[PDB]
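S.K.: Build me a structure from this.
(3 chains)
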Amino acid sequence: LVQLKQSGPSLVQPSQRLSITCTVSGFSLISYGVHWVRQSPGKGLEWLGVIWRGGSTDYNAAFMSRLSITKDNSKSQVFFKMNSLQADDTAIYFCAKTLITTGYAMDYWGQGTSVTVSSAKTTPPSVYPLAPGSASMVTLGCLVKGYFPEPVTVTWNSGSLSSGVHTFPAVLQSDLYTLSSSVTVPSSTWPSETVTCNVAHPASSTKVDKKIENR
Amino acid sequence: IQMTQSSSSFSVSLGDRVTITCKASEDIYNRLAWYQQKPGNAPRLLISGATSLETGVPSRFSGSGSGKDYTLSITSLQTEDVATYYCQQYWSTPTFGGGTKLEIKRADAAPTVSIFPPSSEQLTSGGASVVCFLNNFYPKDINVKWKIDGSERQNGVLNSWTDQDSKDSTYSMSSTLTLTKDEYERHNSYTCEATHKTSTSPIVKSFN
Amino acid sequence: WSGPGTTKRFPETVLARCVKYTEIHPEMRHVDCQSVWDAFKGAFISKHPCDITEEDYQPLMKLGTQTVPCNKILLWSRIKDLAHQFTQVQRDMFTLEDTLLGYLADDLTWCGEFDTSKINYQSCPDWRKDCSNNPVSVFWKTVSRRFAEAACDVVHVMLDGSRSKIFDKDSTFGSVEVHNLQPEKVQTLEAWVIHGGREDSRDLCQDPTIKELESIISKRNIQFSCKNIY
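M.R.: Numbers count the residues shown, from 1 in each chain, chains lettered A, B, ... in the order given. There you are, the coordinates:
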């Protein structure tokens, strides 16, 4: 069962080295080739380069300057490395199994790694509760404000409800993200019940819970 | 050599028979692949060399096209077949297509409009944000309007939408007015109002 | 001559073959079994069996002209006996010897002389040992050069995973067919390396001959899928 599992940075300072590490399972690098594509919201999808089964490499006209794909067959992993980064080098970077020995259609893709290129220390979010004004159903939500960088994981009741609960896209004002989570129920099941809010900021190695009270 | 998918968004109802286009600067002699990306996940190989399918991929899917103009097609569209649809050429150095997003045609819906006040623990620190959700609706196109004691504010408000839910096949959104506490409590009633097309009248929620 | 001579009742069998091939394959029928035989025969009687050219078969090509499932093709590697052996091959693909001409000359050896003008049933040139341009060697280069120019999509090939040189660059396949695959037409060469025995585990997709083919094919703009089997 083919898997291509990356890992590395995610947050990287302008004009540094980006260095991702694709690591493959249920196949071998002497048999198939490995492509790298990145996706930025602005440019859509772009082909960066390729490290063949052979070992040879072909690079995109543009990045052949700062690019360096390379692999370690014994441990089945491929090494992306890009130099003098920048603002727009922000994107998700994927790997992919060449379908057949040597071809371009790629069957099994990597999870991708969201990379953000910025100077801007890591900010824990501040998590504010959200309850209807003291003075038919009932809907709630959390407010995760001011953190760096992406991403953040919000859960409810340590990990309970999920129906019609729809957590929102983060937004960026002056290098701090902000977002909110929603959640709906019947007038009945609150406030009698518990409605804890569970937020994790993996980058600042922090997690936090915040239950919604009343007014 | 450049890939231009034309149509960028589409909506057609379930069981409907959908079709997409790709065209290249020059003849790519069938060096072409379709990929199906469901957001929040890595893209999927569907079709290679213009028409050759792939395991797992349902028999519903059609690979066609020739010369410069290629084509994806589903027979009787299903549910979990919603995503942006990308096209790759590999006759020279690989290039892809803009993208072509798919949206169901759901039964029309009106929003579920909220409007929470600031959290004590937030103000005690300095600021006071004012949240106004709108989970679950359709069509996507909406409008939200803010008011303070009657006068209008379109500065400092930050919205955020979601993608069409892979369940209730409806959208969602948030407006968020961010003030200092001072600048905050120099005002009493805070109105936010969603101007949709379900009722010709703009639904409101407001407090103090 | 060091090779075996023309197979007995040769002209008699080359006709009966053409007869049968035109019953079975009715969308032929229009063919003049004699004029075909006459064209074949004229390519190499009177000619010295080390001096035959692809032109001499021009006569008979014209009459052999055919149409093929270009996307279901399996190219000529010397080894037609090893391969006809997988129900996957015979069934799902188009050997050069399901074509007409291929059909006629499969398993036959033939040559004439020139100081007369009569077939030689005693001995014939051995491509390796004697001259390399015997009628048979050249017949096959001729008809397969066509086969290769006709292939589209995925084109296959089968190699001996026993031969010392799995992919031989001078083989009819290496030297004729490979350079006549058009990339504007063919997406991929899928090669099947055939292990000479179970027991012989061993990814032959590794062997350098194979790799020289990976490499060559790619300078042509065609993609390469390699595979092992038994």
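S.K.: So which bits of chain C are right by chain A?
M.R.: Residues of chain C lying near chain A by C-beta under 8 Å from any C-beta of the partner chain: C:188, C:190, C:203, C:205-206, C:211, C:214-215, C:218, C:223-226. No exception for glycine: its C-beta is placed from N, CA and C like everyone else's.
S.K.: Identify the residue nearest the geometric centre of chain B.
M.R.: The residue lying closest to the centre of chain B (C-alpha atoms, centre = their mean) is residue B:163, at 3.8 Å.
S.K.: for it, what are its contacts?
M.R.: Applying C-beta atoms under 8 Å, 6 or more residues apart in numbering or on different chains, we find residue B:163 in contact with B:39, B:171.
S.K.: Let's see that with 10 Å instead.
M.R.: Counting by C-beta atoms under 10 Å, 6 or more residues apart in numbering or on different chains, residue B:163 makes contact with A:166, A:169, B:38, B:39, B:40, B:82, B:101, B:103, B:140, B:171, B:172.
S.K.: Flag every residue of chain B that's near chain C.
M.R.: Residues of chain B lying close to chain C by C-beta under 10 Å from any C-beta of the partner chain are B:27-32, B:48-52, B:90-92.
S.K.: count of neighbours near residue A:51?
M.R.: Number of residues near residue A:51 (other C-beta atoms under 10 Å in any protein chain shown) recorded here: 25.
S.K.: pretty sure it is touching residue A:58, no?
M.R.: Yes: assessed by C-beta atoms under 10 Å, residue A:51 is found in contact with residue A:58 at 8.9 Å.
S.K.: which neighbours do the two share?
M.R.: A:33, A:35, A:69.
S.K.: Residue B:8: which of the residues you listed is nearest?
M.R.: Proximity of the shared contacts of residue A:51 and residue A:58 to residue B:8 was ranked by C-beta to C-beta; the top entry is residue A:35 with 24.9 Å.
S.K.: Tell me the secondary structure at the closest one.
M.R.: strand (DSSP: H, G, I helix; E, B strand; the rest coil).
S.K.: Just among the residues of chain C next to chain A, which is most surrounded?
M.R.: residue C:223 (27 neighbours).
S.K.: what residues are up against it?
M.R.: A:98-105, B:31, B:48-49, B:90, C:154, C:183, C:186-190, C:214, C:217.
S.K.: likewise residue B:38?
M.R.: B:44, B:80, B:81, B:82, B:83, B:84, B:102, B:163, B:166.
S.K.: How much space separates it from residue C:16?
M.R.: Between residue B:38 and residue C:16 the computed distance is 62 Å (C-beta to C-beta, to the nearest Å).
S.K.: Tell me the strands beside the strand ranked longest in chain A, with direction?
M.R.: Counting by DSSP state E, the longest strand found in chain A is strand A:137-147. If you go by DSSP bridges, strand A:137-147 pairs up with strand A:126-130 (antiparallel), strand A:176-180 (antiparallel), strand A:183-186 (antiparallel).
S.K.: Turn the ones you listed into JSON lines, columns for mean neighbour count.
M.R.: Below are the strands paired with strand A:137-147 laid out as JSON lines (neighbours: other C-beta atoms under 10 Å in any protein chain shown):
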{"stretch": "strand A:126-130", "mean neighbour count": "22"}
{"stretch": "strand A:176-180", "mean neighbour count": "21"}
{"stretch": "strand A:183-186", "mean neighbour count": "18"}
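S.K.: closest one to residue A:9 among the ones you listed?
M.R.: strand A:176-180 (17.6 Å).
S.K.: And for the closest one, what's in contact with it?
M.R.: Contacts for strand A:176-180 (C-beta under 10 Å, 6+ apart): A:120, A:123, A:125-126, A:128, A:130, A:141-152, A:154, A:167-172, A:201, B:114, B:116, B:129, B:131-133, B:158, B:160, B:174, B:176, B:178.
S.K.: Filter the residues you listed down to the buried ones and hand me the ChimeraX line.
M.R.: Selection of buried members from these for ChimeraX, criterion 16 or more other C-beta atoms under 10 Å in any protein chain shown:
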select /A:123,125,126,128,130,141,142,143,144,145,146,147,148,149,150,152,154,167,168,170,201 /B:114,116,129,131,132,133,160,174,176,178
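S.K.: that older thread, pipe the strands paired with strand A:137-147 into JSON lines and attach distance to residue C:61 per row.
M.R.: Below are these laid out as JSON lines (distance: least, C-beta to C-beta, whole Å):
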{"stretch": "strand A:126-130", "distance to residue C:61": "81"}
{"stretch": "strand A:176-180", "distance to residue C:61": "72"}
{"stretch": "strand A:183-186", "distance to residue C:61": "77"}
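S.K.: Could you report the distance from the residue located most distally from the centre of chain C to residue C:81?
M.R.: Going by C-alpha atoms, centre = their mean, the residue of chain C most distant from its centre is residue C:199, 30.1 Å out. Distance check for residue C:199 against residue C:81: by C-beta to C-beta, it reads 21 Å.
S.K.: Nearest to residue A:28 among the residues of chain B next to chain C?
M.R.: Nearest to residue A:28 among the residues of chain B next to chain C: residue B:48, at 21.0 Å, using C-beta to C-beta.
S.K.: so the closest one touches residue B:90, yeah?
M.R.: Yes: contact status for residue B:48 versus residue B:90: in contact at 9.3 Å, counting by C-beta under 10 Å.
S.K.: More neighbours: those two, which one.
M.R.: Using other C-beta under 10 Å as the criterion, residue B:48 and residue B:90 rank with residue B:48 on top: 28 against 22.
S.K.: For the nearest residue to that one once chain neighbours are set aside, list the residues it contacts.
M.R.: Excluding the flanking residues, the one nearest residue B:48 by C-beta to C-beta, 6 or more residues apart in numbering or on different chains is residue A:105, at 3.6 Å. Contacts for residue A:105 (C-beta under 10 Å, 6+ apart) come out as A:35, A:96-99, B:31-35, B:45-49, B:52, B:54, B:88, B:90, B:94, C:187, C:223.
S.K.: Take those residues and keep only those in strands.
M.R.: Short answer: the contacts of residue A:105 in strands (DSSP E) are A:35, A:96-98, B:32-35, B:45-47, B:88, C:187, C:223.
S.K.: tell me which of the residues you listed is nearest to residue A:85?
M.R.: Distances from residue A:85 to the ones in strands among the contacts of residue A:105, taken by C-beta to C-beta, are shortest for residue A:35, at 20.4 Å.
S.K.: So if we follow the domain assignment, how does chain B break up?
M.R.: Domain assignment for chain B by curated CATH domains gives B:1-106, B:107-208.
S.K.: same question, chain C
M.R.: Domain assignment for chain C by curated CATH domains gives C:1-67+C:95-150, C:68-94+C:151-230.
S.K.: Then chain A?
M.R.: Using curated CATH domains, chain A is parsed into the domains A:1-119, A:120-214.
S.K.: Point out the residues in chain A that sit beside chain C.
M.R.: Going by C-beta under 10 Å from any C-beta, the residues of chain A near chain C are A:28, A:30-32, A:52-54, A:56, A:98-105.
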